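To start, the structure under review is shown below, and the notes come after it.
Residue numbers (the entry's author numbering), protein chains in the order written: chain b, 4 to 213, 217 to 306, 311 to 331; chain W, 1033 to 1082; chain c, 2 to 163, 174 to 305.
In structure tokens form, the structure reads like this:
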């Protein structure tokens, strides 16, 4: 039975942070032999083999993300998910000991209440994960007034993708990911990527070409737009995929939402409320490495993109207009 | 027929196969040593260079 | 761990003329297009967007500069250029040979700008290969802003003309300089001005009334060192808006929106990628810094 305990002697002492490089001076120049991962040009031969390069593969960078542990009502977080969705932590007031509220982008489409033609795919899918929209509106009574003065983009803190979720009847545990690549729980040695519905994502770089430079980086941006439909305030969340840098995309997002700016601001020739002037916000959901192909999927149908090698790095909310 | 006349210029392209003859010992060659450079390390894969 | 090296193949042996300029700038930052070891020379220059016969537009060139990766030279061999790479976030040596010279120190901040003073000085042409190479300029962040401040003012006052001492001269403590404007395409420099007309007239609508009444109490008698812009006379407009009575909870809703739109003016006055220098040697002209992400 100690052979099972001898396994934890191997794995725990094998998996540690690397210790500090500290060698006493009386030993001499032995410390230069203790520097291996800074060496990055390994010698090759006529016929190289793994036994020639098993030392070369042994140095690897130090990557460990920081997880988030959320305790959620089983009503808000729909019990079946594709295990890689994006999340949000909505926060109003600590009323309970530990109860937390989490919003998938299919769920935030239900609290929005926009027309069907803006997102013609997810409206059927998000209509069967939930009720008619009052199952989630009972928890936030201020959804009329949080849209008027425009405080809703100040109450969302972007979290990242899922990792694990153990589901019970009343209480659902959600294990999320921050800082980067979350380790997959059920499949060993796998990595959970970030999945978006194809309807919500709006690509930005698209050309005939009719040339743009390459890079290492492309940054997914979140967006959230205050608007009015049926003379009732409602929100609209879209995503962006671009590597243009922050100085361009703010001008590019204005060209996407041109009509939404125009149809709203016809109203304020009559009534000019300073609380109404706030329009939208843009966060930074973290970087994606270049030339990774987003792979289409199909779920139930619902087409869902996927991003391998996603890493998360949350940012502030800045008010664009 | 209007007042002027006119000439016309084209181009033409032919896929041709070719015989290349080379005399003996015309080039002295130098062959170095191959090395291995590791870079652009990510979480799903590691890219090398030889 | 990670390697960083770009060695550039080149199809013709360089002359001793053009090698002497490249030997002069052995520590220098130039952007390039792709991320590989081997690379053609047609990506090394910044002049794929800024050529001679093409009229350059320095906003679009600066817009170009945030996309690309940046690279530092190591050696100039007479056939192959050899460079090292900059990735966020990595500490690296940087050495300023840049010709309109400014002085740095430890704990300073930097930025990368297109050449805005002397193109002929800061670009060398390669007659052997026929392709020219354009070098950007590294600037501390105060003058990194203050040159872009003047160039936005200039395209405002060239359109009204459809003289030069007020529009083309970037001011600084101790020195004055000349911007290089002979051929500028204003259309990418005017879309930035098109968004400035959006933000600035919204900020003229939600103006706090008490902060207007503060200047009516200030600039008439209370003269301060940094209020010499008004020269002691109130503008005619400011007397018109202050007819209403003051109340606190009007301005509480206003000043938060005044606050929230000045968050947006970061996005229109952005520089390139920034460089926070922690240690700078003086007599060696070397430095050390970590490259920031965009």
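Note that CB positions come from ideal geometry on N, CA and C, so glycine has one too.
C-beta atoms of residue i and residue j nearer than 7 Å
i	j	result
residue 204 of chain b	residue 245 of chain b	yes
residue 38 of chain c	residue 1081 of chain W	yes
residue 108 of chain b	residue 89 of chain b	yes
residue 137 of chain b	residue 240 of chain b	no
residue 1071 of chain W	residue 3 of chain c	yes
residue 160 of chain c	residue 85 of chain c	no
residue 40 of chain c	residue 9 of chain c	yes
residue 268 of chain c	residue 143 of chain b	no
residue 130 of chain b	residue 198 of chain b	no
residue 210 of chain c	residue 138 of chain c	no
residue 185 of chain b	residue 169 of chain b	no
residue 233 of chain b	residue 156 of chain b	no
residue 24 of chain c	residue 297 of chain c	no
residue 253 of chain c	residue 224 of chain c	yes
residue 46 of chain b	residue 1066 of chain W	no
residue 330 of chain b	residue 256 of chain b	yes
residue 322 of chain b	residue 117 of chain b	no
residue 124 of chain c	residue 140 of chain c	no
residue 122 of chain c	residue 11 of chain c	no
residue 316 of chain b	residue 301 of chain b	yes
residue 194 of chain c	residue 56 of chain c	yes
residue 199 of chain c	residue 58 of chain c	yes
residue 144 of chain c	residue 183 of chain c	yes
residue 48 of chain c	residue 191 of chain c	no
residue 142 of chain c	residue 181 of chain c	no
residue 183 of chain b	residue 85 of chain b	no
residue 76 of chain b	residue 178 of chain b	no
Integer-rounded CB distance, given that residue j should sit under 8 Å from residue i
i	j	result
residue 110 of chain b	residue 160 of chain b	With 8 Å as the limit, residue 110 of chain b and residue 160 of chain b do not qualify as a contact, their Cβ atoms being about 16 Å apart.
residue 202 of chain b	residue 125 of chain b	5 Å
residue 68 of chain c	residue 219 of chain b	5 Å
residue 74 of chain b	residue 174 of chain b	6 Å
residue 71 of chain c	residue 32 of chain c	5 Å
residue 166 of chain b	residue 181 of chain b	Actually they do not touch by this definition, with Cβ atoms about 10 Å apart.
residue 219 of chain c	residue 262 of chain c	5 Å
residue 224 of chain b	residue 249 of chain b	4 Å
residue 15 of chain c	residue 162 of chain c	Contact doesn't hold; Cβ gap of about 44 Å is too wide.
residue 95 of chain b	residue 56 of chain b	Rounded, the Cβ-Cβ distance is 56 Å, inconsistent with contact.
Best match in the options for proximity to residue i [C-alpha to C-alpha]
i	options	result
residue 105 of chain b	b:176, b:135, b:67	b:176
residue 297 of chain b	c:15, c:36, c:29, c:4	c:36
residue 214 of chain c	c:275, c:253, c:11, c:74	c:275
residue 128 of chain b	b:320, b:311, b:330, b:317	b:311
residue 153 of chain b	c:34, c:134, c:271	c:271
residue 280 of chain c	c:153, c:132, c:46	c:153
residue 200 of chain b	b:54, b:303, b:324, b:120	b:303
residue 250 of chain c	c:236, c:63, c:260, c:227	c:227
residue 1063 of chain W	b:38, b:49, b:163, b:250	b:49
residue 45 of chain c	c:19, c:54, c:55, c:73	c:73
residue 196 of chain c	c:207, c:156, c:182	c:156
residue 188 of chain c	c:148, c:79, c:49	c:148
residue 113 of chain b	b:27, b:97, b:132, b:103	b:132
residue 19 of chain c	c:61, c:77, c:48, c:57	c:77
residue 62 of chain b	b:146, b:51, b:43, b:78	b:43
residue 82 of chain b	b:20, b:206, b:172, b:158	b:172
residue 1068 of chain W	b:8, b:147, b:51, b:30	b:51
residue 244 of chain c	c:229, c:236, c:191, c:54	c:229
residue 123 of chain b	b:324, b:327, b:313, b:328	b:313
residue 40 of chain b	b:26, b:59, b:102, b:12	b:59
residue 259 of chain c	c:221, c:235, c:292, c:236	c:221
Which residues DSSP lists as bridging residue i, in chain order
i	result
residue 54 of chain b	Per DSSP, none; premise fails for residue 54 of chain b.
residue 76 of chain c	c:83
residue 301 of chain c	c:92, c:287
residue 32 of chain c	c:71
residue 140 of chain b	Per DSSP, none; premise fails for residue 140 of chain b.
residue 180 of chain c	c:189
residue 179 of chain b	b:71, b:165
residue 1071 of chain W	W:1079
residue 258 of chain b	Partner(s): none; residue 258 of chain b has no beta bridge.
Any non-hydrogen atom of the ligand FAD closer than 6 Å to residue i Cβ
i	result
residue 233 of chain c	Among the components modelled here there is no ligand, and therefore nothing to report on the ligand FAD.
Q: Count the CB pairs spanning the region 223-243 of chain c and the region 279-298 of chain b that are closer than 8 Å, and state whether there are at least three.
A: no
Q: Kindly confirm or deny that the region 100-109 of chain c and the region 284-297 of chain c touch, where touching means at least three C-beta pairs closer than 8 Å.
A: Yes: at least three Cβ pairs fall under 8 Å.
Q.
With three or more beta-carbon pairs closer than 8 Å as the criterion, would you say the region 1043-1060 of chain W touches the region 33-42 of chain b?
A. In the pairwise beta carbon analysis, the region 1043-1060 of chain W is classified as not touching the region 33-42 of chain b: fewer than three pairs are separated by under 8 Å.
Q: Inspect the CB distances between the region 110-122 of chain c and the region 50-66 of chain c and report whether three or more fall short of 8 Å.
A: yes
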